[PDB]
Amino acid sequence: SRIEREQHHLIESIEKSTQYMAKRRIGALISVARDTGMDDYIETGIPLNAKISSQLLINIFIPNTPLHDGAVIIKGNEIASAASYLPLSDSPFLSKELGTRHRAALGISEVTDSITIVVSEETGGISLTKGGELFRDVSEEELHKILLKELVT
């Protein structure tokens, strides 16, 4: 069916783009909206309303480019916005070796049911946040299984 194919394409697009960016240590921050509206953070970014593709995600996060400075927010079947703000967690439990992208991913995860993916520009490690929890430096298998569980409904 249609939504099936879209959600699997979304997963593939996330997996391909973060693999590309992780090998090159390109920082990335991708938040996927679910039941909780994120329109109030979409409004802070540059509106794209674009089809989802691994290629567009990669191009967005290229450093020192107009769209890279913040978060991509995916809503339904579109890349809604780029360079968006996400709220920074105040948690002192988040390791000090992790940067602003991780703290923003943790922050949005505390106030929405979104699923947020981080690529670290320091390590290339991929992490995910959900419900105020951080899954740090996930494997490709782990990333795949989590995206399947959380994004295919």
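Think of the rigid core as the biggest set of C-alphas that the two forms share within 1.5 Å after superposition. Residue numbers run from 1 along the displayed sequence.
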Query raised in the report: Which of 29-37 and 110-118 lies farther, on average, from the shown form in 7 other deposited structures of this protein once the rigid core is superposed (C-alpha RMS)?
Result: 29-37
Report summary line: Among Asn49, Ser31, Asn59, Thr123, the highest C-alpha B-factor in the PDB entry belongs to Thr123
Report summary line: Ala22: CA B-factor among chain residues, third -> highest
Query raised in the report: Looking at the C-alpha B-factor of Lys145, is it in the lowest, middle or highest third of its chain?
Result: middle
**Report entry** CA B-factor ranking of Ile14, expressed as a third of its chain
**Finding:** lowest
Query raised in the report: When the modelled residues of the chain are sorted by Cα temperature factor, does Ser54 land in the lowest, middle or highest third?
Result: lowest
**Report entry** Position of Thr65 among the chain's modelled residues by C-alpha B-factor, lowest, middle or highest third
**Finding:** highest
